[PDB]
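*Asks:* Handing you a structure now.
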Amino acid sequence: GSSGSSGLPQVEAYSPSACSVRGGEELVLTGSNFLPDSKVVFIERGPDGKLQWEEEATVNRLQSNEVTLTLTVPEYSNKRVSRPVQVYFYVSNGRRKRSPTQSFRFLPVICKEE
């Protein structure tokens, strides 16, 4: 065994690229080195300088796998927004090992609805 990897969670791709502030959708995270205990939490930056957001999202283990992470996009603090918000998320694996933050954004539905 050589110095290759450190059992760290990787994120190849993620879809849908974006979603509505409402969420309540099925988000699939493509990658590898995933664990059945890993968690997916979202974060939000404030006009103060520090970010603080605790929102848990349902995780479907049945769909998720060693190289798959399926969860239910959580609800954004502010839903009645006329403008989209840029947010990020990561995966918690272990104590030191973690995943990189992905560039996400919530689009308003008040105007653009299906």
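In the structure tokens, chains take letters A, B, ... by order of appearance, with residues numbered from 1 within each chain and ligands from 1 in the order shown.
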Residue A:44: which residues within 7 Å, counting only C-alpha atoms, same-chain residues fewer than 4 positions away excluded, as a short mmCIF file (atom, residue, chain, number, x, y, z; two decimals) with N, CA and C atoms, in the first residue's frame?

*Replies:*
data_model
loop_
_atom_site.label_atom_id
_atom_site.label_comp_id
_atom_site.auth_asym_id
_atom_site.auth_seq_id
_atom_site.Cartn_x
_atom_site.Cartn_y
_atom_site.Cartn_z
N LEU A 51 -21.13 32.49 8.75
CA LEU A 51 -22.26 31.67 8.30
C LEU A 51 -22.76 30.76 9.41
N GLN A 52 -24.08 30.65 9.53
CA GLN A 52 -24.68 29.81 10.56
C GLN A 52 -26.05 29.31 10.11
N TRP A 53 -26.12 28.04 9.74
CA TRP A 53 -27.37 27.44 9.29
C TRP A 53 -27.40 25.95 9.59
N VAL A 87 -25.92 29.22 -2.05
CA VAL A 87 -25.60 28.45 -0.86
C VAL A 87 -24.66 27.30 -1.19
#

*Asks:* Using only C-alpha atoms, which of the listed residues (A:8, A:109, A:35, A:21) sits closest to residue A:77?

*Replies:* A:21

*Asks:* Could you tell me which of A:19, A:91, A:13, A:43 comes closest to residue A:107 if we count only C-alpha atoms?

*Replies:*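 Smallest separation from residue A:107 among the options: A:19.
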
*Asks:* Can you pull out the residues contacting residue A:64? Cut-off 10 Å, using only C-alpha atoms, and skip same-chain residues under 6 positions away; I want them as a VMD selection string.

*Replies:* chain A and resid 28 to 30 34 to 36 70 to 71

*Asks:* Rounded to one decimal place, report the atom CA of residue A:2-atom CA of residue A:38 distance in Å.

*Replies:* 25.4 Å

*Asks:* Counting only C-alpha atoms, figure out which residue out of A:99, A:17, A:93, A:60 gets nearest to residue A:72.

*Replies:* A:60

*Asks:* Using only C-alpha atoms, which of A:74, A:7, A:16, A:23 sits nearest residue A:97?

*Replies:*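 Comparing A:74, A:7, A:16, A:23 against residue A:97, the winner is A:7.
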
*Asks:* Taking the DSSP assignment computed from this structure's backbone, write out as a PDB file with C-alpha atoms, in the first residue's frame all residues of stretch 1-91 of chain A that belong to strand (DSSP E or B).

*Replies:*
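Contents of the output file states11.pdb:
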ATOM      1  CA  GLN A  10     -15.363  12.673  -3.102  1.00  0.00           C
ATOM      2  CA  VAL A  11     -18.034  14.434  -5.159  1.00  0.00           C
ATOM      3  CA  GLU A  12     -17.818  13.891  -8.917  1.00  0.00           C
ATOM      4  CA  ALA A  13     -21.041  15.640  -9.926  1.00  0.00           C
ATOM      5  CA  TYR A  14     -24.391  16.731  -8.495  1.00  0.00           C
ATOM      6  CA  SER A  15     -27.869  17.308  -9.923  1.00  0.00           C
ATOM      7  CA  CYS A  19     -33.203  23.909  -7.208  1.00  0.00           C
ATOM      8  CA  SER A  20     -36.000  26.044  -5.761  1.00  0.00           C
ATOM      9  CA  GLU A  26     -34.552  14.315  -4.788  1.00  0.00           C
ATOM     10  CA  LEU A  27     -30.909  15.400  -4.954  1.00  0.00           C
ATOM     11  CA  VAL A  28     -28.327  12.905  -6.207  1.00  0.00           C
ATOM     12  CA  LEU A  29     -24.621  13.352  -5.482  1.00  0.00           C
ATOM     13  CA  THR A  30     -22.287  11.482  -7.832  1.00  0.00           C
ATOM     14  CA  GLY A  31     -18.901  10.454  -6.473  1.00  0.00           C
ATOM     15  CA  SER A  32     -17.218   7.707  -4.462  1.00  0.00           C
ATOM     16  CA  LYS A  39     -24.448  13.246   6.515  1.00  0.00           C
ATOM     17  CA  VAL A  40     -25.353  16.171   4.257  1.00  0.00           C
ATOM     18  CA  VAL A  41     -25.893  19.605   5.799  1.00  0.00           C
ATOM     19  CA  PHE A  42     -26.389  22.999   4.156  1.00  0.00           C
ATOM     20  CA  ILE A  43     -24.889  26.367   5.090  1.00  0.00           C
ATOM     21  CA  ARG A  45     -23.682  33.177   4.750  1.00  0.00           C
ATOM     22  CA  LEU A  51     -22.256  31.674   8.296  1.00  0.00           C
ATOM     23  CA  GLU A  56     -30.933  18.482   8.255  1.00  0.00           C
ATOM     24  CA  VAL A  59     -31.087  10.644   3.326  1.00  0.00           C
ATOM     25  CA  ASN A  65     -24.634   3.463  -2.212  1.00  0.00           C
ATOM     26  CA  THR A  68     -24.074   7.366  -4.423  1.00  0.00           C
ATOM     27  CA  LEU A  69     -25.684   9.843  -2.029  1.00  0.00           C
ATOM     28  CA  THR A  70     -29.415  10.520  -2.319  1.00  0.00           C
ATOM     29  CA  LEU A  71     -31.090  13.066  -0.044  1.00  0.00           C
ATOM     30  CA  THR A  72     -34.130  15.349   0.097  1.00  0.00           C
ATOM     31  CA  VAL A  85     -29.562  32.848  -3.081  1.00  0.00           C
ATOM     32  CA  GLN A  86     -26.139  31.226  -3.405  1.00  0.00           C
ATOM     33  CA  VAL A  87     -25.597  28.453  -0.858  1.00  0.00           C
ATOM     34  CA  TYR A  88     -23.172  25.571  -0.332  1.00  0.00           C
ATOM     35  CA  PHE A  89     -23.149  22.094   1.208  1.00  0.00           C
ATOM     36  CA  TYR A  90     -20.764  19.336   2.290  1.00  0.00           C
ATOM     37  CA  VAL A  91     -20.622  15.773   3.614  1.00  0.00           C
TER      38      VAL A  91
END

*Asks:* I need the residue nearest residue A:82 from this list: A:98, A:105, A:112, A:61. Use only C-alpha atoms for the distance.

*Replies:*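 Distance minimum relative to residue A:82 lands on A:112.
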